[PDB]
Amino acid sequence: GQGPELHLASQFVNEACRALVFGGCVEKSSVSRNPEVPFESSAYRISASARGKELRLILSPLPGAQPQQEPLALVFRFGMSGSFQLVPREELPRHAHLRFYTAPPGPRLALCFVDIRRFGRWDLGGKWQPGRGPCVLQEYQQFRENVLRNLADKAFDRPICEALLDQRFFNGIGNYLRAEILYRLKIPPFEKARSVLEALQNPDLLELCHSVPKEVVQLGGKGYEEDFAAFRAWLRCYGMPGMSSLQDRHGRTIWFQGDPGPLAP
């Protein structure tokens, strides 16, 4: 996921787990090379929040939960294939690498971090990855100033479609989003980042870095395969017939119309 997927997952966790109570340990799959989660509680609630391409779960024990314990936070990055699912306890998906189990009475469910390709990671702190800029979805004003007040940075030397994946500055922006955003303004992908942003020191590029991911979040769907049909209709550029497409210098495909721009490999 990119920002909208992390945001929708955080919403899913909060809605699904709102009236659930978990107990037991946090079971990690043998196959997963991420950390064991050292947390056991007779009774705990799960909640989520998102910031850019990161999701923080908090495990919060109830009054009286044994053993006595402070709440524990985990931060996930999803990679290419990461998702949350709430399934029956006996019918865990293939590639569920982290499971939290409901306590009884009522049906015995499992909240699972499911990650086919195992690119997703998690950490025992609750701290956002330092270096990551403000969330384009929830911290717009901070994200926007953080760009304009650092155009001198060597990252803005690169073409605009490469800078747009720099998570120090576009925390939440992924491959489909850079395609869709530039297509709305018809900005050539291999225009020089500093030149495109100096030109605004009309929704502009930084406004669309907020508003376009927001359009995806308001669509809902995406696991939270039917409300993928809507999303695939929503795309105007990325992967769409009669669209130009090159590799950026890190070998990532950028979709666009017409003029590729001055720095085009």
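The first residue of the sequence shown is number 1, and the count goes up from there.
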Legend entry - Coordinates lacking for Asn34, a third or more of other entries: no
Inset, instruction - May I ask whether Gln66 is missing from the deposited models in at least a third of the other compared entries? - result: no
Legend entry - Chain break class at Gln201/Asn202 - deposited residues not modelled: 10 or more
Inset, instruction - Could you bin the unmodelled part of the deposited chain lying between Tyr224 and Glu225 as none, 1 to 3, 4 to 9, or 10 or more? - result: 4 to 9
Legend entry - 127 to 135 or 85 to 93, whichever carries the higher mean Cα B-factor: 85 to 93
Legend entry - Comparing 6 to 14 with 239 to 247, the one whose average Cα B-factor in the PDB entry is higher: 239 to 247
Inset, instruction - Name the residue from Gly220, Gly52, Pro61, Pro213 with the greatest C-alpha temperature factor listed in the entry. - result: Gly220
Inset, instruction - Using the entry's values, work out which of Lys154, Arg77, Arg178, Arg144 has the largest Cα B factor. - result: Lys154
Inset, instruction - Just say lowest, middle or highest third for the CA B-factor of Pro107 relative to the other modelled residues in its chain. - result: highest
Legend entry - Where the record places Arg56 (Cα B-factor, split into thirds across the chain): lowest
Inset, instruction - Would you check the entry's CA temperature factor for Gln66 and let me know if it's in the chain's lowest, middle or highest third? - result: highest
Legend entry - Modelled-residue ranking by C-alpha temperature factor, third containing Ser41: middle
Legend entry - Lowest, middle or highest third - CA B-factor, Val26: middle
